[PDB]
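Trainee: Quick note on numbering: the sequence shown equals residues 559 to 699, 724 to 839 in the authors' numbering.
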Amino acid sequence: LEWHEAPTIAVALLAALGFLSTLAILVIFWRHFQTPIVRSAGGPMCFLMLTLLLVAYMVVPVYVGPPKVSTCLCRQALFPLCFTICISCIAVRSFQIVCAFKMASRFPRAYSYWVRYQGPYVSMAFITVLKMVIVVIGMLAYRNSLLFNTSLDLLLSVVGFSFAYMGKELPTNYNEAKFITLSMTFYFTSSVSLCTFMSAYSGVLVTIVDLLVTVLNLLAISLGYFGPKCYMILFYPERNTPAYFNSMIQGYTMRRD
């Protein structure tokens, strides 16, 4: 996996672009805090996923180079962990949104349990604990091991899709159906093509193909979820105001029909 070789240069510069974009989003969110947009994006959960994205982008060059047990361990230690944490956080936010906007009265008792047992902080913690057991047991035994991780990630993604599916009509700041569908489709097609390509291939430069697939997945899962928000709050400051959020939710709830 040579340092001077045309695909490796392109993925390296693309990872640098992703790192710079994530840094810009982090600084933008930190500067414009206590605003309706960031609080409606997840609050500290956004930072939790964003710094994890930063560290995932930083260790991309570790993938490329001479094989090393550190690199092979980090392959599944951080990048799939990034995918899983990001997907679980997005799905948890979608469930919270669809539970505040709907089924708070349809399923009243269940919401009391959900908010009384620290559901947002427990459903995320369970996901991390569950996956790390799968990761270590996976290494105990390219296609077979990745199949379990892709199945888990796709199950999480389809859970998020099925839960945001009922929320097409939610306001544009609480509706992420488009991003969820795009990211789920991209992850599914990339994983399927990759798994097909593991078997019928030469066996060399497949590492570069897999690295490019993972880096593109990270780039999409960061941009499609954060770029629109910072676009709104940098170019349309009028659209970032508590009065505007009040008016938008009020207009959604009591529709003229």
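Built from N, CA and C at the ideal position, the CB exists for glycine as well.
Decide if residue 616 is buried, meaning its Cβ has at least 16 other Cβ atoms within 10 Å, or exposed.
Mentor: Stepping through the sequence shown from its first residue, residue 616 is reached at position 58. Residue 616 comes out exposed.
Trainee: Just the Cα atoms here: how many angstroms apart are residue 649 and residue 724?
Mentor: The count along the sequence shown starts at 1 and reaches residue 649 at position 91. The count along the sequence shown starts at 1 and reaches residue 724 at position 142. About 27 Å.
Trainee: With H, G and I counted as helix, E and B as strand and the rest as coil, what does DSSP make of residue 678?
Mentor: Taking the sequence shown and counting its residues from 1, the one referred to as residue 678 is at position 120. Reduced to three states, the DSSP call for residue 678 is helix.
Trainee: With DSSP as the reference, label residue 613 as helix, strand or coil.
Mentor: Counted from its first residue, the sequence shown places residue 613 at position 55. The answer is helix: DSSP assigns residue 613 an H, G or I state.
Trainee: How about residue 762 and residue 566: are their beta carbons less than 8 Å apart?
Mentor: Taking the sequence shown and counting its residues from 1, the one referred to as residue 762 is at position 180. Taking the sequence shown and counting its residues from 1, the one referred to as residue 566 is at position 8. No, the pair does not count as a contact, with Cβ atoms beyond the cut-off.
Trainee: If we ignore side chains and look at the alpha-carbon of each, how far apart do residue 614 and residue 835 end up?
Mentor: Numbered from its first residue, the sequence shown carries residue 614 at position 56. Numbered from its first residue, the sequence shown carries residue 835 at position 253. About 39 Å.
Trainee: From the DSSP output, in three-state form, read off residue 751 for me.
Mentor: On the sequence shown, residue 751 is found 169 positions in, with the first residue counted as 1. Residue 751: coil per DSSP, three-state reduction.
Trainee: For residue 838, name the three-state secondary structure that DSSP assigns.
Mentor: Here residue 838 refers to the residue found at position 256 of the sequence shown. Residue state, collapsed to three classes: coil.
Trainee: Among 750, 787 and 768, which residue has its Cα nearest to the Cα of residue 621?
Mentor: On the sequence shown, position 63 is the one that residue 621 refers to. Residue 621 has its Cα closest to that of 787, out of 750, 787 and 768.
Trainee: Residue 657: which of 576, 644 and 678 sits nearest, CA to CA?
Mentor: Translated into positions along the sequence shown, residue 657 becomes position 99. When only C-alpha atoms are compared, the closest one is 678.
Trainee: Under 8 Å by Cβ, that's how I've got residue 644 and residue 600 pegged, so tell me the actual separation to the nearest angstrom.
Mentor: Here residue 644 refers to the residue found at position 86 when the sequence shown is read from its first residue. Here residue 600 refers to the residue found at position 42 when the sequence shown is read from its first residue. The pair is not a contact, with the Cβ atoms about 11 Å apart (cut-off 8 Å).
Trainee: By how many angstroms is the C-alpha of residue 751 removed from the C-alpha of residue 583?
Mentor: Along the sequence shown, read from residue 1 onward, the residue named residue 583 stands at position 25. Along the sequence shown, read from residue 1 onward, the residue named residue 751 stands at position 169. If I take the Cα positions, the gap works out to 27 Å.
Trainee: Quick one: Cα of residue 774 to Cα of residue 591, how far?
Mentor: Stepping through the sequence shown from its first residue, residue 774 is reached at position 192. Stepping through the sequence shown from its first residue, residue 591 is reached at position 33. Roughly 39 Å between the two C-alpha positions.
Trainee: When you compare only the Cα positions, how much space is there between residue 637 and residue 587?
Mentor: As a working note, residue 637 is residue 79 in the sequence shown. As a working note, residue 587 is residue 29 in the sequence shown. C-alpha separation (whole angstroms): 23 Å.
Trainee: How should residue 785 be labelled, buried or exposed, when 16 other C-beta atoms within 10 angstroms of its C-beta is the threshold for buried?
Mentor: As a working note, residue 785 is residue 203 in the sequence shown. Burial call: exposed.
Trainee: Can you find at least 3 beta carbon pairs, one from the stretch 768-783 and one from the stretch 793-809, that sit closer than 8 Å?
Mentor: yes
Trainee: Can you list, in chain order, the residues of its chain with a C-beta nearer than 8 Å to that of residue 609? Leave out the 5 residues immediately preceding and following it.
Mentor: Residue numbering aside, residue 609 sits at position 51 when the sequence shown is read from its first letter. Same-chain partners within the cutoff: 584.
Trainee: Measuring alpha carbon to alpha carbon, tell me which residue in 686, 753, 688 and 694 is nearest residue 630.
Mentor: Within the sequence shown, the letter at position 72 stands for residue 630. When only C-alpha atoms are compared, the closest one is 694.
Trainee: Does residue 660 come out as helix, strand or coil in the three-state DSSP assignment?
Mentor: Against the sequence shown, residue 660 aligns to sequence position 102. In this structure, residue 660 counts as coil in the three-state DSSP scheme.
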